[PDB]
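Taking it in order: structure first as structure tokens, then the write-up.
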Amino acid sequence: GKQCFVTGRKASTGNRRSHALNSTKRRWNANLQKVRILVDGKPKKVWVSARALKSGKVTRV
Amino acid sequence: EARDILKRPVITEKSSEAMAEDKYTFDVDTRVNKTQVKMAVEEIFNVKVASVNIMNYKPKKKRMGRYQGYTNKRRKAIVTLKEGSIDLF
Amino acid sequence: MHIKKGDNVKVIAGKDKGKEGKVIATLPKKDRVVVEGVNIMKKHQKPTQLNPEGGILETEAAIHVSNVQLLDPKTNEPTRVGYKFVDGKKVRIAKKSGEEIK
Amino acid sequence: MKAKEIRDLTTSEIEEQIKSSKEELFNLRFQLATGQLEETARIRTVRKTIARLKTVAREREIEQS
RNA sequence: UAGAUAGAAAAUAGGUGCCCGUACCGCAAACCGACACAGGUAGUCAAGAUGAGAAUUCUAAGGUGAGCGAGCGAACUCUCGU
RNA sequence: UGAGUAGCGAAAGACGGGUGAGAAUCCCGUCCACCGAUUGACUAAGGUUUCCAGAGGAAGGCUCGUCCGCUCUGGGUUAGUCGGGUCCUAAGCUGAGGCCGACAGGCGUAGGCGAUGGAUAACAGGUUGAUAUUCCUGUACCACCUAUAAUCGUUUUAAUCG
RNA sequence: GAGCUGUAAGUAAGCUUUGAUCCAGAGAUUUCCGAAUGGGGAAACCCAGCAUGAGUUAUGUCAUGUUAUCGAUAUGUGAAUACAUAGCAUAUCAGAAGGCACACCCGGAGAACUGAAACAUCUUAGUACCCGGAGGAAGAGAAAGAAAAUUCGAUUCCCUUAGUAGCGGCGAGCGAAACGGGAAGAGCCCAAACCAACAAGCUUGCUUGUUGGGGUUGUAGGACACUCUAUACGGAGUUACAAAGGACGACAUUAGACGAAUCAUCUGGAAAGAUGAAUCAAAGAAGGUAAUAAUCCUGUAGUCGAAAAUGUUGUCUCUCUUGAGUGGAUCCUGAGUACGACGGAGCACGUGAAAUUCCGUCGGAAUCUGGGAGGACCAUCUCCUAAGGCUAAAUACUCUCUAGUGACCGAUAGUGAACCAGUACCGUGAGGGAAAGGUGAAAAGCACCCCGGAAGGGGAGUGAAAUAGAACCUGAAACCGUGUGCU
Ligand SMILES: [Mg+2]
Ligand SMILES: [Mg+2]
Ligand SMILES: [Mg+2]
Ligand SMILES: [Mg+2]
Ligand SMILES: [Mg+2]
Ligand SMILES: [Mg+2]
Ligand SMILES: [Mg+2]
Ligand SMILES: [Mg+2]
Ligand SMILES: [Mg+2]
Ligand SMILES: [Mg+2]
Ligand SMILES: [Mg+2]
Ligand SMILES: [Mg+2]
Ligand SMILES: [Mg+2]
Ligand SMILES: [Mg+2]
Ligand SMILES: [Mg+2]
Ligand SMILES: [Mg+2]
Ligand SMILES: [Mg+2]
Ligand SMILES: [Mg+2]
Ligand SMILES: [Mg+2]
Ligand SMILES: [Mg+2]
Ligand SMILES: [Mg+2]
Ligand SMILES: [Mg+2]
Ligand SMILES: [Mg+2]
Ligand SMILES: [Mg+2]
Ligand SMILES: [Mg+2]
Ligand SMILES: [Mg+2]
Ligand SMILES: [Mg+2]
Ligand SMILES: [Mg+2]
Ligand SMILES: [Mg+2]
Ligand SMILES: [Mg+2]
């Protein structure tokens, strides 16, 4: 139950592939970072993706 | 509710011996307590109750033809009178 | 049923075909009727029962209602029955004479 | 007693009638238990009388609201 | 002790005190074993003679004669004695 | 079919008198034998009416059956004090918020539940076909309530509760 | 409209033309458990708080109501810590929860046996199973489309294209779409530019934010400027396009009513059969009646009917609401987006020359002289206008109700279950899971006598039949008996 508080960015499923094209299930996890932002006008430590943090679009306070 | 607390009198050999001892046996609502039984008897028969003993009887297996079943579970109270008497007849 | 307790009917089917009699009981759930003197059965009555005397008792057994036919009050012929409404009341009408059965 | 007479009665009269009918039913049950009741249909008659009394009382306390 | 409030009670008299279980089997024919099945089933009590003893043999209190019998008294098989 | 064959599940019975349509098999009696750290008496589980009385003999009972844990009919279990709850907690279970986790969910804090343990007031005798520390007799004890109270208190208190 | 108190017989006591029973609409009651919600708990039990009331001298006892958690919205108070923020407390809410139709839909996650005559890519298969979310349908949907002509003009679904083009250890296998023909059809609302009001920063410049207006696009549209048109005249509407109501009517559903016409003889227990002579038919569907009935019954064709509730509808009401054109100076037209790289996935397409589409990570545009697509890619041409949203119908399925149908079964079949079956029985449990229909037209179900304790039988009687006597229609075979001709 882990996802980006801002965008909902979450893990997905797919395959690991060998050179012989054998397939096993794996996940791609989001690059979430625990940051303190303003939630409902109050500070709160939430999970935010690096991309949602990129370009200062989220105010860390 | 007293007329609901008391269901019917019990008429058996043991119950008749008890009546000789001034003890009256009733089938009572399965949910009531000893105190409610005492109060109901005092209200209905205008007697003074010395004490009440009470007991539960399980449903009894009973058969009729090929159908198996059970009797109703019973709650039986035995009321010892302090003053007065009860005429069941 | 179109036949009713007390009606005078003719038996049109059975051993008693041709007999006439009074309807003394009806069984709506079985579509049967009991007619005086019709369909006599001999039942073995035990004297040991609540009736001291016993033996063979003869009594009318019920007959299927479609085996009896109402008699026309005028012509005394067996007749089917229709219904009219007179001042908001249903009246049984003999289909042969048009009279009112009752 | 039928619903028409019950509706003729007043609320206090309905309650008193319920009390007396319940007392009668209790006495009937005790006679039946002791083996002194031949007229057993009275039990059902009184039970339905009580039901009708309570039905009319409920109708009144509903229509008041 | 922090706290609470005018009132507290040795005694005397009187009164109130619910619900569930309670039968019966329970080293067993009633429980677990498909059976009225030589198995299994925690705990308590447990007399006399003998004896170290709760061993041994015979008895007490108490309980029981075991849910097919009657003959015969071969081989053979089993259990037992010489 | 095998075949009226294997079997009929550890053991000591005998006789008399009954009953009955019927008796080795039911009842009663006498004698005999068996267990007796027990085949005796309790009692926790488990079972769940099998308990008692009257009646029955199709089926069940490894035979028989007049009998039965079987069939039918009607009965039988009584508590302030016994065991459990209205007391306590162990392991363990659960678990507001909370932490974690694709979902489902997992973990876990306060808090709860939870005896196999702690606390906790009644004993002897009598009595039924079938219950008894439960009914009855006698004599007790515990908690609470109402009234009257020797006595003590009467607002920093000082009796009292805590 | 005359009987009735279920299966279900009996007895009893009763009810009913002053209208029972029974049928349909509406209403009342509706114990306890169960999401179960005062707390607990081994479901159907136990133990409480608060308020009010009953009862007692009082206690004990009882009755009714209320008391879970989360969510949302208010109110009060408010730590470390000053301000106030956790927190805490109170109030309101037809807010949520749980169930299921083993179906259909969307999504998360996702096998293996198997096939490839082995096996790993591949296949089975995005299937089974699990989980979340629904709805009566869902999903999709008004072109950043399909194409390449006289172009078409949202989506969905059917036929066909076609086992084609392709994909593929180029193995096994996998497998389109466009066009063409059909069902059904319906189109819309925002964001932004700009305008007005309000509030903060107080340049008290005019920046930000809220509300309302405006606006909605490719034939580029809109703002903006200008010119006509109207304050509901008209138009539209609760199926999107805004959202609640009201009146009357119609129809339909949920009980019902009427409804034509046959007699005789023979056989027979009984006639509907046979024979003879009739009749009706908008009715010759069907079932029943003592054997095979258009005319005996229930019905059928046809016609009629509703106090009440429900549903679908029409008209009024109600509600909402301007609609066009010209101009090219300026402005707006969806950004961490499109897109790229790496790693995956999805596209019929297995990374391939791989467009077209999604996910993770990292980088990262343009602004109408713009941007996307036409299967790498560039140019030209052509078609479109992404990065916001809504939308009926044609399509899927059936736990269910109503009316019907079958060259479907007929008791070892058909459901596992024609019958008291998800029962008996088996298992700690999940779970597995049977056997078993037929008297007779009518119960007329054998009075009475005899042997027997009974069971059972022999008579007698009922009945057409008892050789129909109770798992009682027929009654094959295996198998078991008695007697006997030949041996
Ligand atoms: Mg008790
Ligand atoms: Mg006891
Ligand atoms: Mg006992
Ligand atoms: Mg042991
Ligand atoms: Mg020894
Ligand atoms: Mg042999
Ligand atoms: Mg031999
Ligand atoms: Mg032998
Ligand atoms: Mg033996
Ligand atoms: Mg016994
Ligand atoms: Mg025997
Ligand atoms: Mg939680
Ligand atoms: Mg204990
Ligand atoms: Mg005893
Ligand atoms: Mg293979
Ligand atoms: Mg192979
Ligand atoms: Mg939809
Ligand atoms: Mg007719
Ligand atoms: Mg004829
Ligand atoms: Mg026939
Ligand atoms: Mg890639
Ligand atoms: Mg592209
Ligand atoms: Mg090209
Ligand atoms: Mg164009
Ligand atoms: Mg649709
Ligand atoms: Mg079957
Ligand atoms: Mg057959
Ligand atoms: Mg079957
Ligand atoms: Mg026959
Ligand atoms: Mg037969």
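Any value given below was found using the heavy atoms of this structure, including those in side chains, with hydrogens, waters and symmetry copies removed. Chain A is the first sequence line, chain B the second, and so forth, proteins listed ahead of strands; every chain is numbered from 1.
When distances run from any side-chain atom of B/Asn33 to the nucleotides G/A111, G/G463, G/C62, the shortest one goes to G/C62. Here the side chain of A/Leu21 is nearest to one of F/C136, G/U351, G/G14, namely G/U351. Checking F/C100, E/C18, G/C362 against the side-chain heavy atoms of A/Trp47 singles out F/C100 as nearest. Nearest to the side chain of A/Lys42, among E/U22, F/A102, G/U85, sits G/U85. Listed nucleotides: F/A102, G/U121, G/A442. Nearest to the side chain of C/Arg32: G/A442. Proximity note for B/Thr80 (side chain, C-beta onward) versus F/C136, G/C446, G/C359: the nearest is F/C136. Of all nucleotides listed (F/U77, G/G3, G/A13), G/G3 comes nearest to the side chain of C/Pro28. When each of G/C296, G/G360, G/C448 is scored by its nearest atom to the side-chain atoms of C/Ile12, the top-ranked nucleotide is G/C296. The nucleotide whose nearest atom lies closest to any side-chain atom of D/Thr40 is, among G/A447, E/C19, G/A12, G/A12. In the set G/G110, G/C362, G/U61, the nucleotide with an atom closest to the side chain of B/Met39 is G/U61.
Here the P atom of nucleotide G/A464 and the CE atom of C/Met41 are 14 Å apart, to the nearest Å. When the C1' atom of E/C20 is taken as reference, atom CZ of B/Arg31 falls 18 Å away, rounded to whole Å. Separating the CZ atom of A/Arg17 from the P atom of G/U351 is a distance of 7 Å, rounded to the nearest angstrom. In this entry the distance linking NZ of C/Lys43 with P of G/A460 reads 24 Å, nearest Å. One atom, CG of B/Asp29, and another, P of E/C19, lie 13 Å apart when rounded to the nearest Å. Between the NZ atom of D/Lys2 and the P atom of G/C15 there is a distance of 12 Å, given to the nearest Å. The nearest whole Å value for the distance from the NZ atom in C/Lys29 to the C1' atom in G/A2 is 13 Å. In this structure, C/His2 places its NE2 atom 12 Å from P of G/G259, rounding to the nearest Å.
Judged by distance alone with a 3.5 Å cut-off, no donor-acceptor contact links the side chain of B/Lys23 to the base of F/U78. You won't find any donor-acceptor pair under 3.5 Å spanning the side chain of B/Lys38 and the base of E/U16, going by distance alone. Donor-acceptor pairing under 3.5 Å, judged by distance alone, is present between the side chain of B/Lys60 and the base of F/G75. A donor N or O paired with an acceptor N or O is found under 3.5 Å between the base of G/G364 and the side-chain atoms of A/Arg51. Donor-acceptor pairing under 3.5 Å, judged by distance alone, is absent between the side chain of C/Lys46 and the base of G/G445. You'll find a donor-acceptor pair under 3.5 Å spanning the side chain of A/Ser55 and the base of G/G336, going by distance alone. In this model, no side-chain donor or acceptor of B/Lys76 finds a partner on the base of F/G76 within 3.5 Å.
Here F/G129 does not sit opposite F/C136 as a base pair, Watson-Crick or G-U wobble, with both distances under 3.5 Å. Here G/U29 does not sit opposite G/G375 as a base pair, Watson-Crick or G-U wobble, with both distances under 3.5 Å. In this structure F/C82 is paired with E/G21, meeting the Watson-Crick or G-U wobble definition at both distances under 3.5 Å. If you check F/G40 against E/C45, you find a Watson-Crick or G-U wobble pair, both contacts below 3.5 Å. Taken together, F/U148 and E/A11 constitute a Watson-Crick or G-U wobble pair, since both relevant N/O distances lie under 3.5 Å.
An anti base is found at G/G221: its glycosidic angle is more than 90° from 0. Syn is the classification of E/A9, since its glycosidic angle stays within 90° of 0. G/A48 has its base anti relative to the sugar, with a glycosidic angle deviating from 0 by more than 90°. Glycosidic conformation, F/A150: syn, with the torsion inside 90° of 0.
Side-chain atoms of C/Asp72 and C/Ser97 include a donor-acceptor pair closer than 3.5 Å.
Residue B/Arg66 places at least one side-chain N or O under 4.0 Å from the OP1 or OP2 atom of G/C420. For D/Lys54, no side-chain nitrogen or oxygen approaches OP1 or OP2 of G/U29 to under 4.0 Å. Within the structure, every side-chain polar atom (N or O) of C/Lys5 is placed at least 4.0 Å from both OP1 and OP2 of G/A2.
For RNA chain G, the neighbouring residues in residues 54-70 of chain C, judged by any heavy atom under 4.0 Å, are C/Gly54, C/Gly55, C/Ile56, C/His64, C/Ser66, C/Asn67, C/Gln69. A heavy atom lying under 4.0 Å from RNA chain G marks the following residues of residues 13-27 of chain C, by number: C/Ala13, C/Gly14, C/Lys15, C/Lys17, C/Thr26. Of the residues in residues 77-102 of chain C, C/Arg80, C/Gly82, C/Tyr83, C/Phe85, C/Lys90, C/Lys95, C/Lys96 come within less than 4.0 Å of RNA chain G through at least one heavy atom, sorted by number.
Applying salt bridge (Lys or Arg N to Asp or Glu O under 4.0 Å) to C/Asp7 and the options C/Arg92, C/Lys102, C/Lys22 leaves one that passes, C/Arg92.
Heavy atoms of B/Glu17 sit nowhere under 4.0 angstrom from any nucleic acid atom. Within the nucleic acid shown, D/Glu59 has no heavy atom closer than 4.0 Å to any nucleic acid atom. Residue D/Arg42 is out of contact with every strand shown, counting any heavy-atom pair closer than 4.0 Å. As judged by a 4.0 angstrom heavy-atom cut-off over every strand, D/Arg52 is placed among residues making no nucleic acid contact. Among the atoms of the strands shown, base atoms are found under 4.0 Å from some heavy atom of B/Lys14.
With a 6.0 Å radius and a threshold of 12 heavy atoms from other residues, nucleotides or ligands, D/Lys48 has its NZ atom above the threshold. The environment of A/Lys10 atom NZ is sparse: at most 12 non-hydrogen atoms of other residues, nucleotides or ligands sit within 6.0 angstrom.
Residues A/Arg26 and A/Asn15 come closest through the heavy atom pair CG-C, 3.7 Å.
For the pair B/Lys82 and B/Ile54, both in contact range of RNA chain E, the more 5′-proximal nearest nucleotide belongs to B/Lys82. Where B/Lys34 and B/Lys58 meet RNA chain E, the nucleotide closest to each residue was compared, and B/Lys34 sits on the side nearer the 5' end.
In this structure, F/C113 forms a base pair with F/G92, meeting either the Watson-Crick or the G-U wobble geometry with both donor-acceptor distances under 3.5 Å.
No salt bridge links B/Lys14 with B/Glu17; every basic N to acidic carboxylate O contact stays at or beyond 4.0 Å.
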